[PDB]
Structures are given as structure tokens and as C-alpha cells.
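Peer 1: First portion of the complex, with coordinates as positioned in the assembly:
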Amino acid sequence: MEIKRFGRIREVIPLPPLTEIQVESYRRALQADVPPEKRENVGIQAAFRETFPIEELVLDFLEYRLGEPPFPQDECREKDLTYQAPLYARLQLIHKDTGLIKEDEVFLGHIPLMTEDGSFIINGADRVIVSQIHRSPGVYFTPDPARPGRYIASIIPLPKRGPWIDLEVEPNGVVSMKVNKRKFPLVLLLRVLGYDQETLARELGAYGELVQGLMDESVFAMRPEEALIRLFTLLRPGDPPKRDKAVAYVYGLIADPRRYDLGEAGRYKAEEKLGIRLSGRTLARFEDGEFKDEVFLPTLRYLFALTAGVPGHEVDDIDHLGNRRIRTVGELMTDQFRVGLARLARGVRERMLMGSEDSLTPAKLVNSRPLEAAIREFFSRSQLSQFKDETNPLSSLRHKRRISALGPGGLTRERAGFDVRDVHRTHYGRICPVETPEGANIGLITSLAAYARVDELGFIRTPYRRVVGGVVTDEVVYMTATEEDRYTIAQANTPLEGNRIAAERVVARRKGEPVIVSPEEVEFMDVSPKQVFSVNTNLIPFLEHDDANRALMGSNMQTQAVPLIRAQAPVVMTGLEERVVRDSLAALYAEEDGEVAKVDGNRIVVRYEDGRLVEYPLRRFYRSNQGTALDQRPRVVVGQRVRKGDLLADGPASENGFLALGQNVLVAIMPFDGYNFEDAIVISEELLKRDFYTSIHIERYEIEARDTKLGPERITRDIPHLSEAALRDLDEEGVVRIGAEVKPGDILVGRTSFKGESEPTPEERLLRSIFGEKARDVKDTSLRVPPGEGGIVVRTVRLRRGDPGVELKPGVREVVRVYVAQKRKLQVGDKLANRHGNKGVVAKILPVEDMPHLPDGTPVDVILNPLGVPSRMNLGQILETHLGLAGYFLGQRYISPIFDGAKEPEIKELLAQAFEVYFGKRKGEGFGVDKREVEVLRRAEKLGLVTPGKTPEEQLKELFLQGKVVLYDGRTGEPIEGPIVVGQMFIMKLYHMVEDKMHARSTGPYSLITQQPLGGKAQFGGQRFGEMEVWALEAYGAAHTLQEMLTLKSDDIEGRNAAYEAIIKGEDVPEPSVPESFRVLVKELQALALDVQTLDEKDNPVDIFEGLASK
């Protein structure tokens, strides 16, 4: 079909690789493809160099290598394995006395490998490591909140790599240093570095009143040894001040690169702030037997200069993105790697004492368990390690680009106020101002902007075009926020003829402040409007017409869109939807130019230029983390000539290579009989008839058979007391057959368990005796379909013990997995949304004859209430509908870029050409204006919509240019009294579906200690009737309703039993008894040595334990 694209802005560079923030970070961390001699000291390599040599015999690090993965990715997901590589290190043990050297390559366990798309496979499940924003290491000067004319100097290193130091000028006038919560006069620390009054007086004298607060006679009297011992006694009271002990502690606090690490970014920021050059990442050095200063004197000089008001000295904005940096996958993982390595080193030193001091190898010295555990802990249990969101391809791409201020080494949610959550001016071009969570995490979880990239230091940079004279170059410079602040940057839409700025006054930013400026003053210019927003936000057409609060929901909800069997790309696109599919890695493309040899549902064979025959297998109906079906479909035919980068297969949610999150439906904006009320949505049954909004879902079920002290669990078709009706669809072995339809209550995998030893009650003795049937030894433990679930069985995996290639966890004889698939039609309670933040649940499905319809007989698909628009201020959905109407009749789709889009005149032009197709056709077919069309026209000229005196055709065209048409009520045949807005809208079916959420319980499982119902649908849980619900019952004065909630419907054991028995017998429910959790409370207070006594009116004890707990 035709695709007409609007907008004149030419973007000189394409979007960067969208997952590069993940992929490149990890590549740098492993340095796997670099030959060892060529490795830089970074990532894993830097961790080894930091941990070694291990001194005590001396064990030294030579080099590491990474092997190949024991199993490929597909296999790991199948077998619940982690995709990982064996890590080895060549280590040499040396005896410094003897000279003896034994060298060996020790196996350190495995390290997880990142897949092509930037994710991990950890125990079979796909995971994402979310980048973490935090304070850049460095030296900052912030204002002291208590004392206005004073400031605090904070020296910050990398996390866990050293203490923070705070410099303050106390009211008494002496300059104090705060380390690990202890304060002392800084003069003492200066003396340890070897500074003398002569050097300090001349250096800081320029600032009058402050230098005297630094002068302390007693400190200068003592030599560097006495000052160092004095400081150690101040910092570590009670620890004997052995001279070697003090040097060791202070060295570790200041000069040790192993215990103190400023960043590489920390070093640059300090050097840049204080105007010096650092020999390393430490605040000082240990050289020639003494300590030699690096940092302290320059920060002190700047600190005094700030207090005195010397020109050129500023306080630092700590939310500026120059002072805030990103810790990506490589850095986070390497940190945990460094931790595991330190633990392993502890074991080495401990092993270097015991055993024989003579015969020892590196293999005998190293226990790798601490390292394996540190890495295993990071990937499974870290907060930044998240279950991948792969609801649709855009979901995971977005997940990889998210930025969190939470996690280890970061903000808590209550401790995070407005400042961090704010959109800083420096977020421009770096962090999307739109895409952030609604609710408690707002401003804490953010998203990388589309053109943004994280530099080697960890700062987010954004591209700008150089502007020389009035000429805009094509050379793009990626800038940090700090460097961006130097220039005057014109907006990307400023008019150009050729490379020249064509306006007399241009719109630019200087340090974020908007200003009108001459082309002579323009140093750079934005690459595109796309650079201000995230990828999801960049997918919203007419975004300039939507209030940001709704665009937020629009961005976020594209993440929740379900892949549809009929999915289509929107008729109004933004031009990013092709790139998103390509970077997502869902779609399949041709490597080189070639011709297609074979095309199957399962595979595509391509013959390239090289002559080599390449076969691409297709992933068919695979279950994602969220259970949506990932399946690839061949888009080419046998004998087709393809070029390099031509589409071979569509992934999920893509149509011919374009991102397809939904369907294009015909919408009428109008109230409908209250089924539209308060965001509810009315849809036509035609949508189900033609399988729009239908999605495939797969659920995985699992069961283990294990050894017991009572005998084996067995997976079997022989299950006590079950009819052949019940076993019909089970195979010989007891597993449900592929292709069977399973419904709630149905057996998936049959299983028997040996009955726990019990004496049958005398009732069972008599019952067994009456019927003459031996009580079986085993019980029916079979796995069944839970309430509300079921579908068609598409797969079964069975793994026994003692069969080739498989070993289970101890005690487990066999494991069975049953994959059940369901084709889900859209239904009442399902949630729909568009890209502008319009969201609603389907409240009514009308038959086609009730649907409002056009004069030519076409019923609309969806009816959206206009009451949702004005308060929300998202008008983009309206413009999308208007342009969607033109495209419906012209048979075309559009690309309207964000902020450089189709404007109203152009949309009107298309609407005019469309009206010719919608109407001119009719006049030739021999039909004139309808009577009811005249009536609608009458009310319309009363509304000022049409010009009086024009022909009926002319007036209908005037309305059509306003995007309104005459609409017939399918119930009556009479028109809607006014012309109504109708058009094509792009609407998605979100992941929140009633089938998943509907739940009810009569009685069910109870908790161990409290005896209260369990929680959640998966546990067959009860609803929580919480503190606030109780208040409601209290305010109503419903005492008996409330008492039921508190006793018979919860933890009153005697009461709940009696209530059930009464209801099945038709009696009224009995009076409640004591709730079991009150008995727990009494006993818990007795465990605390408090005697809690229930008393009667005579103040005599009442026993709520009924004699059972008293001797």
C-alpha cells in the first residue's frame, strides 16, 4: 500500500544501536575477544589485577581465559540452565625464600554470557540487568544548610572503594574533616602528609580569616610520626597505636589503590574541578617511606576560595547529569566479581598458613566457591537483575534501556524526594522526560533517550551538529552535559536553505535556558526532535498535541501490548517502527544478497552470493517469560531474489518488518448508552468474527516425582478411584496426550504418593468393613488444571532419573512439564489502549446491527466516549483519527514524525481527496442525498459547522474536512442528531486480561502459624480484608459482618468448620469463637515474658486455651 511521509527535517545520522548500552558494556567487561597480552586493565581483568598478588609464599595472576559455553542458548532455556562460559586463570605460586615456582591454570567456575540482544539466560529464564544512575565520584562543594555563609566539601570515591570525607569550617573557626562519622581538625591530617606551616601559610594566606583557623601550634610541633599516631588514636580509640599499625590503617584509608578507588571519572572530575593532575585514583601516595599528598591541599584551597567569594569558584548542582553517571551491566557484574575475588583471596591466605608450607600448588590453594557464589548471587537475587519483559519485542528493548536510581548502592523509595525525581534541564537529549512510572517510582526509573549513548566514563552524551558561520555541518559531536553547557545550541527545526541558517532570529538553548539568537551566535544544532525522548515515546504520532501526563501512559502501555495473530502496524506511524523491529532481533533478515531456496513454516533456506547455502530455522509458538507466544513467520517465497537486509521472517508483533502492537480499527467518538462510561469502551462483535485482537498464550505446568521415606512417588496412569472417563486423555505413562483439550479439574500428569502412615478412624474401619475393599497404600497426587485455566496440550517434556544426559536435584526420580496453549479472543474486561494514553476496558460487545454505521452500510469497530478527551488533553488521538479517515478511503498509511509531522492543512487536503472517494462514487451509482443526511445537515448548520446556502454535497464535504460524517444508529435507522468524528485509530490489547485476574474462593488453604487463608489467585487465596476495610465495616456499624470477617471466615478454626457444616446442612451459622491468631499473640507475648490474661467481669481468669496448655 502507499506510504506518504511528512516532514522536512533531515536527520544526518541514524539512531545508534539501541541495545549498545548493554552489549558494549559487557563486551568491555569480559574482554573475551582480546588476546590476553592485549587486554586493558578494566572489567574482569582489572578485578584480577586488584586482588593479586596475594602476599600472606606468594600467588600471582598471569592471565585469564574464557572457554566455550557447555550448551547453546536454546538448550539452556529448555533444561533450566544458565548460559555461561568456563572461567580459568593461569596462576603461579612462588616461594620467595626458596625461589620455587609452580604454575598452573585453575578452573574458577562459570560466568554468564550475554546473548546477542543484550539479555541473559539464568536458570532457563531470560533476565535483564538494569543500569543504575548514581552520584559520580569526585569532589563536590555543596552549601551548608545550617550555616548560610559556609559550604561543605565532599570527597566521594567509587562505591565500596573508600570513605566519604567531609570538610567544614566549624563555628569555632578550625577546619574539620569527617570520616566514618568521626570529626577532627584537618590540620592533623595535613601534618601526616608532610606539610609544614611555611608551605601552608604561603599557600592559603590569600584568604584572610580562614588560614588562621587552620593554624594549630601543637600539631606543627610534632613530626609526621607523632601526627600519624595521634590521628590513629583519634580514628580508632582503644586500638594500640603501634607505629606499623597506624601506617597500615592510614595507608588503607588514603593511599591504597586496593582499598581506595576514586573512579576514572572521579579522577577526571577532581582534576577538572580543582585544576590539577592526579598521578592516580587515590587521595595521596606512600612514597619513599612517608605519605605524599595529591588531593587534600587542592580541595582545601578551593574550599577557602569559595567561602571567601573568589571569582571562578562555584557550588555544584548534584542533580546535573555531569555529576550523575550510569553504572551499566559490565560495571555492576565486575563489582560483584571483585567481591567474590576478595573472598577467594581470604581463603588463599588462610590456606597459605595451614597444610604443608612446602608442597602446595595453585589448585590446592584456590577454592573458587566464593567467586561462583558472588556471581550466582548477583544474577539470581540482585535487585538490578530482573525477569526480562518480553511481552512483545518492544518490551525487552525498552527494558534494556531503563535507568534505575534504586538498587544496591542507591536510593530507597522513601528517602528519595523531589530533587532526584525532577526532570533536570540536563536530561535534555539524555533521559526521556516522558517515560517514567506512574506512582511511587516516578522519576526514579527512567529511560535512555533515543540518540543517547553512555561514554566510557559512564556519562550520558547526546549528539549535536557543528555550526560554523551560519553553516550547519554534518559532523556530529557527542557531548556530556558539562560540555553542552559551553555552547549556544539551535533547535533542530530552525529553517535551513542548503547548509545555511535561513532565519534572522533562531531559537537556541544556553545552559538549558531558551533564548532568541543570531545565526552568528550558533555553535551547534540539535540532530532531531527524536533525541529528546525515549524509543517508546518516539512511537507516538502527533505527540506535540498530547499533554505529557497522557503521553507517559501512552509510552508505558506500548510495553504491555500483546502480540496478535493478525497484528498490523499503525496507519499513522512515526518512522521508528522499522528500526525497533530490527534492533529487537525478533525479525529475521538476509545476511547478504541472494535467492531463496526453500520456504517452510519451520525454516527458510537462502543461497547467497558466496554460493554457500544458509538455513534459518524459525522459532514457532515459543512461550515468553510472560507467556505470550513468540513465533516467526516466513515473509518470502521460493525463488525470491533478496538483497542484504531484506526481510525473511516477521517476528511477533511485526507486520512486514514494521512494529505491530495492535490493530487499526474504525472508531466513532460519541457516547453510547452509558456503555462508554468513565473510560469503558464499546466494541463490535465483528472484531471477534474476523479475529482482531486474538492472541495466543502458553502456560507451563510442572510436576516432580521424588523419593520419600514412605516410598516412591510414581507418575502413572493407574490412579486410585478414577473412572475411565477421567483417564481418557492420558497416555500409557500417565502424561496427557499432545492435542488434547484440557479444562479446569482435568488431569495433566497422573501421580500417586504413598499415604502417610495413619490409623484409619473407626468410621473408616467400619466403612472399609461394610464395603469389603482394602484401603489403597497410595493417594492421588496428580497434577490437574487449576481453576480458570486450560487449553490444548502442545508439548510434554518428561525427564526420568537414570536416562542419558539428565541428572535432577537430589531425591527427584522424574520431572514432567506440560505446555498448554490457548487462543484468546477479546472479551469483556480486557483492556485496550492507544498510544496517546487513552485506555479502557471492553464493557460491551454489540452485534453488528447495533453498531453505528456510515450511510453506505459500513459499521464502525469501536465507539470511544468523547468525555475522555478534554480533561486528558491528548488531542493527538483526534488528529490520528482524522488522518486515519483519509487513509481508510485512500487506501494508504502515513509516516508523520514527532514535532515535524503532517499539519492540519495537509490532513484536510487528504480529507478532500478522501471525500471524493466516499461520496462521488455514490452520485455516479445513482443515489442522491438521503433525507436523514439533510436533517443532520440542518442541525449542523445550526451548529455553525457548514456554510448556509451551499448544496448538500458541499456541506457534507465541509464536515468531512472537519473529520465528521453522518452516522446512523443501527437500532433505529435514524441518524445521530449531529455529525460525528469517525476514523481509523491504532489500538492495542494490553497484557491485563480478565481471564488471568478473575478469582473466587469459598474455603481453601490456610497459613501455618496464623491459620488465616493464604493470599493470591495462584494459592487459591482469600481477599485481604485489611485495616481500612475493617474501618468501613465499623463506620457502617456492621458488627456481625465484621465479626464474621474476623472469625468464621478466617482463623477461627472451630468457627469456620461449624459454619461450613451449617451451610451444607441448611442451618444458620453458629456464634464465632476465639480467632487463632489471638492465641498466637498471647503465646508470643508469653515468649516475651509478659503474662496476658483474659478476665471475666469478676476479674477471674478465663482460659481461652480450654485447659490444653495448663498442667
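Peer 2: Right, received. Where do you want to start? Numbers count the residues shown, from 1 in each chain, chains lettered A, B, ... in the order given.

Peer 1: can you pull out the helices in the stretch 851-1000 of chain A?
Peer 2: A:869-872, A:876-890, A:904-915, A:921-924, A:931-942, A:952-960, A:994-997 (DSSP state H, counting those that start in this stretch).

Peer 1: Is it possible to get TSV of those that adds mean neighbour count and distance to residue A:1020?
Peer 2: (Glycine included, C-beta is placed from N, CA and C.) Shown next, in TSV, are the helices of the stretch 851-1000 of chain A (neighbours: other C-beta atoms under 10 Å; distance: least, C-beta to C-beta, whole Å):
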stretch	mean neighbour count	distance to residue A:1020
helix A:869-872	13	39
helix A:876-890	25	41
helix A:904-915	16	54
helix A:921-924	12	59
helix A:931-942	16	55
helix A:952-960	20	56
helix A:994-997	13	15
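
Peer 1: quick one: which of those is nearest residue A:104?
Peer 2: Closest of the helices of the stretch 851-1000 of chain A to residue A:104 is helix A:994-997, at 54.8 Å (criterion: C-beta to C-beta).

Peer 1: so what's the residue positioned nearest the centre of chain A up against?
Peer 2: Geometric centre of chain A, nearest residue: residue A:399, 4.3 Å, by C-alpha atoms, centre = their mean. By C-beta atoms under 8 Å, 6 or more residues apart in numbering, the contact list for residue A:399 reads A:128, A:130, A:386, A:388, A:389.

Peer 1: Let's add chain B too:
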Amino acid sequence: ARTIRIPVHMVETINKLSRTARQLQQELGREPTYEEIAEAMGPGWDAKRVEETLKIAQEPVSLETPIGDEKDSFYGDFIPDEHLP
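Peer 2: That brings us to chain B, laid onto the chains above:
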């Protein structure tokens, strides 16, 4: 050290099995199977006994183990009570 107390000699056997498995993983470049551990342990050891020994050596896990990234739920809250009718 163990919530479920184990006889000192049995702890010795468990620890030997650990060292052995660690040797095998250090020479084999991957975790050993039950059978590989059984060879390394010598006569008297088959794969079944290695598994049974590992089963006996399993330590309990806390009922107060967190579920989720909020502090709001415990592992024990999801465990039904099979004792009371």
C-alpha cells in the same frame, strides 16, 4: 553449625564429598555427575549413595525469606497447612 544436627563422622563424610566434587570440577571444567563423584570416592560408593548423602546434607531455608523487592512478604506465607483438617 547446622539447624538439623549431624553426627561428626557424617559431617566428615559430607565434607569429603565436597572436596572430591570440587577436585572433579577443577579437573573436569564443569560440575561432576553423581557417578563421577562415586568413582573418585572409591569402593563402596555408587551414584545412589552420593545422592543420598547430598540429600541428608540439605540445610533448611528460612520461613522469613523475602519474596519480592518490597519488604512486604515472606516465603512462609505461601505454604499451606496440611496438618489441621
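
Peer 1: sorry, back to before: element containing the residue nearest to the centre of chain A, please.
Peer 2: Assigned by DSSP states H and E, residue A:399 belongs to helix A:393-400.

Peer 1: quick one: strands adjacent to the next helix or strand after that helix?
Peer 2: Helices and strands here follow DSSP H and E; after helix A:393-400, the next one along the chain is strand A:402-404. Next to strand A:402-404 in the sheet, as set by DSSP bridges, lie strand A:131-135 (parallel), strand A:445-447 (antiparallel).

Peer 1: Return the set of buried residues in the shortest one.
Peer 2: Taking 16 or more other C-beta atoms under 10 Å in any protein chain shown as the basis for neighbour counts, the residues of strand A:445-447 that come out buried are A:445, A:446, A:447.

Peer 1: and of those residues, the nearest to residue A:612?
Peer 2: Among the buried residues of strand A:445-447, and counting by C-beta to C-beta, the member closest to residue A:612 is residue A:447, at 40.4 Å.

Peer 1: The closest one touches residue A:433, doesn't it?
Peer 2: No. With contacts counted by C-beta atoms under 8 Å, residue A:447 stays clear of residue A:433, the gap being 9.9 Å.

Peer 1: Extend the structure above with DNA strand C:
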DNA sequence: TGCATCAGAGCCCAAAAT
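Peer 2: Same chains as before, plus DNA strand C:
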């Protein structure tokens, strides 16, 4: 007797937690 400094006390609900 009047005033800092610090220790300890709190910081929504339900759903879910793969």
C-alpha cells in the same frame, strides 16, 4: 534554668512476587 545533639520512632491500600 535554656539549648543543641542524638537515638529511636515512623513513613497508603489492595493486587503480584514469575
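
Peer 1: tally of neighbours for the residue of the stretch 401-550 of chain A found nearest chain B?
Peer 2: Nearest to chain B in the stretch 401-550 of chain A, going by C-beta to the nearest C-beta, is residue A:406, at a distance of 8.3 Å. By other C-beta atoms under 10 Å in any protein chain shown, the residues close to residue A:406 number 19.

Peer 1: Which of the helices or strands spans it?
Peer 2: Per DSSP H and E, there is no helix or strand for residue A:406.

Peer 1: For the closest residue to it other than its chain neighbours, which residues are in contact?
Peer 2: Ranked by C-beta to C-beta, 6 or more residues apart in numbering or on different chains and with sequence neighbours excluded, the top spatial neighbour of residue A:406 is residue A:444, at 5.8 Å. If a contact means C-beta atoms under 8 Å, 6 or more residues apart in numbering or on different chains, then residue A:444 has A:404, A:405, A:406, A:411, A:413, A:416, A:420, A:421, A:436, A:437 as its contacts.

Peer 1: By neighbours, which of those residues wins?
Peer 2: residue A:436 (23 neighbours).

Peer 1: so what's that residue up against?
Peer 2: A:442, A:443, A:444, A:445, A:446, A:447, A:552.
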